[PDB]
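Quick note: residue numbers are just sequence positions, from 1. In each ligand, atom 1 is the first atom listed, and ligand 1 is the first ligand listed. Computed over heavy atoms, backbone and side chain alike; hydrogens, waters and symmetry mates excluded.
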Amino acid sequence: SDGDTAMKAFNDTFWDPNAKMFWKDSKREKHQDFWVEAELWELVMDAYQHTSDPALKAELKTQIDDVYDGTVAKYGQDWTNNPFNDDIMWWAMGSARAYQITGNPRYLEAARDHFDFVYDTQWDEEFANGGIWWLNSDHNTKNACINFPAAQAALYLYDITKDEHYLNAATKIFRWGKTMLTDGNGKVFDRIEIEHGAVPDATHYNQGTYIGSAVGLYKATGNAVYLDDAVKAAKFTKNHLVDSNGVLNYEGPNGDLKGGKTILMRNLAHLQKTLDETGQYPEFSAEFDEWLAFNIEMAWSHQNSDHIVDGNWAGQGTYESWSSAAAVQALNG
Ligand SMILES: OC[C@H]1O[C@H](OC[C@H]2CNC[C@@H](O)[C@@H]2O)[C@@H](O)[C@@H](O)[C@@H]1O
């Protein structure tokens with residue numbers, strides 16, 4: 001019931017049924033940024049999968065379609081005019097998931113066409129021995145926030161199509177990213193910049209997409225090293241991207257990072273599910289489950305009277321949909 005209450009409250013506060021988009025904040029003066037809207041789309045899908053209330057489930061299923069329609073009305077169906085390859089890939093990944101839920105052809109086309117544009121034209125072997133460029137305008141940096149989401153999108157497309165092309169892509173992208181965008185012990189680097197090298201700044205959302213791609217690769221390949229990869233990145237997050245009480249950091253003031261716990265929590269749930277299913281890493285699993293539950297309880301203890309939780313989970317006017325999404329995500333694992 002907590003997940004249902006949280007999602008209903010989030011919609012009541014932030015969903016605009018007229019534009020079929022989320023508001024960026026509770027002043028209701030501007031709709032959410034394009035890339036973040038794909039992440040709120042996935043939140044709707046996660047609540048759809050989590051709920052056991054058939055009436056709410058049907059409403060959320062409809063909302064999956066309405067989110068796409070509202071975005072396409074403002075931004076079009078062809079996102080390849082957007083210079084941000086990551087923006088495109090977040091929508092390609094969301095579209096693959098929407099296809100799995102709904103069966104509507106438009107979503108498979110959207111996923112496959114946009115994945116192909118990025119992977120087939122924005123992969124480069126010369127700089128840094130591999131990796132996808134951040135932008136399709138200028139080619140100066142290759143980033144975790146495009147590469148790991150691309151591996152995830154490829155894994156969804158493999159699951160849908162069974163075409164080994166997509167598994168091969170996920171494997172190649174992840175191998176490059178593990179080698180060039182991590183320290184080999186679970187710390188995920190932000191990016192590798194031409195003429196400079198690695199920028200080893202770690203953030204919640206890049207830990208998340210690394211973990212999710214690793215768990216997906218473990219499941220698709222049967223290679224246990226990928227599960228180990230995921231566990232090491234989860235451990236790094238729990239020990240090194242938290243405050244002194246173990247509560248996940250607040251990553252403001254940057255607007256893109258403020259809500260990153262949303263993406264982290266989505267992917268930590270994948271890891272929790274796989275550990276529960278396989279019985280692997282039982283010691284870590286117990287520690288991890290306790291730490292997750294603690295974070296969730298602390299976050300929700302700061303909910304306001306409308307059942308909205310700001311993204312500064314360690315503490316207590318205007319609430320923002322991206323920063324507030326993480327607490328909702330956490331109850332819809
Ligand atoms: O420092 C945060 C963030 O900044 C830049 O990306 C911003 C967004 C652009 N497109 C949508 C999201 O994927 C990004 O967060 C990049 O420098 C990025 O690597 C970095 O984490």
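- Which parts of ligand 1 touch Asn143 is read off a 4.0 Å heavy-atom cut-off, strictly below it: atoms 16 (C), 17 (O), 18 (C), 19 (O).
- For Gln49, the CD atom counts as densely surrounded, since its 6.0 Å shell holds more than 12 non-hydrogen atoms of other residues, nucleotides or ligands.
- In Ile146, neither the side chain nor the backbone holds a heavy atom less than 4.0 Å from any atom of ligand 1.
- With respect to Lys162 and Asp159, a salt bridge is recorded, a charged nitrogen being found less than 4.0 Å from a carboxylate O.
- Remark: the backbone N or O of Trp133 is paired with a side-chain donor or acceptor of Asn85 at under 3.5 angstrom.
- Ranking protein heavy atoms by distance to atom 3 (C) of ligand 1, first place goes to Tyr205 OH, 3.7 Å.
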Would you tabulate the side-chain donor-acceptor contacts of residues 209-217 under 3.5 Å, counting partners in other chains and residues two or more places apart, or write 'none'?
from   : atom 1 : to     : atom 2 : distance (Å)
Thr209 : OG1    : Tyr205 : O      : 3.4
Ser213 : OG     : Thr209 : O      : 2.9
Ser213 : OG     : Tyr210 : O      : 3.0

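- Close approach of ligand 1 to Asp87 is summarised as follows: ligand atoms under 4.0 Å from at least one heavy atom of the residue are 10 (N), 11 (C).
- Under a 3.5 Å cut-off, the side chain of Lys57 and the backbone N or O of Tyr48 do form a donor-acceptor pair.
- At under 3.5 Å, a nitrogen or oxygen of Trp90, whether backbone or side chain, sits near a nitrogen or oxygen of ligand 1.
- Inside a 4.0 Å radius of atom 13 (O) of ligand 1 there is at least one protein heavy atom.
- For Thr203, the heavy-atom gap to ligand 1 stays at 4.0 angstrom or more.
- Cation-pi geometry between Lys258 and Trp322 is not satisfied (NZ or CZ under 6.0 Å from the ring centre, within 45° of the ring normal).
- With sequence neighbours left out, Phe117 forms a ring-ring contact (aromatic ring centres under 6.0 Å, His included) with no residue at all.
- With no hydrogens or angles considered, no side-chain donor-acceptor pair links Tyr75 and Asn82 at under 3.5 Å.
- In terms of protein heavy atoms, atom 7 (C) of ligand 1 is closest to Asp256 OD2, 3.3 Å.
- For atom 10 (N) of ligand 1, the nearest protein heavy atom (residue, atom name, distance) is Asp86 OD2, 2.8 Å.
- Protein heavy atom at the shortest distance from atom 6 (O) of ligand 1 is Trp134 CZ2, 3.6 Å.
- Annotation: atom 19 (O) of ligand 1 to nearest protein heavy atom, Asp190 OD2, 2.6 Å.
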